[PDB]
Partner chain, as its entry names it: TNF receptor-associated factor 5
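Before any questions on binding or motion, here is one chain by itself as structure tokens, the form deposited without its partner chain.
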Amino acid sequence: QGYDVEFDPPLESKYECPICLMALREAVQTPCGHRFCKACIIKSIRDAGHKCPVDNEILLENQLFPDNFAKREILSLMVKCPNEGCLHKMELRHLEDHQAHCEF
């Protein structure tokens, strides 16, 4: 459930969620230093067990903490419109005003 849009330049792996393979949405980090979309890691914890999927370290829900720094950076990355026709690119946080703010 991460950000499914193409970044420019390509999304650095550091900001790629290892679960959904999309840009971290509401990024959270673990005590072991790994990052995930909040919803993805919660799901992984519930369906795959209480462990960090990257290194298998024990992981509890109460140990997940917000990574507002990564969140801030991701939201400032340049993205492109999800459909041929438009050529404009904008910071991810400004895509909304360019999602349904067009014709069809």
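Numbering follows the first chain given and starts at 1. The term rigid core refers to the most C-alpha atoms you can superpose between the two forms while keeping them within 1.5 Å. Shifts are known only where both forms have a C-alpha.
There is another form of this protein, the form solved in complex with its partner chain, and it is not shown here; the text below is about that form.
Contact check for residue 73: a heavy atom falls within 4.5 Å of its partner chain in the deposited bound form.
Although the partner is absent here, residue 12 lies within 4.5 Å of its partner chain in the deposited bound form, judged by heavy atoms.
Although the partner is absent here, residue 50 lies well away from its partner chain in the deposited bound form, with no heavy atom inside 4.5 Å. The closest non-hydrogen atom of residue 38 lies beyond 4.5 Å of its partner chain in the deposited bound form. The protein segment that moves between this form and the one not shown, counted as a run of at least three consecutive residues with every Cα displaced by 2 Å or more relative to the fitted core, is 102 to 104 alone.
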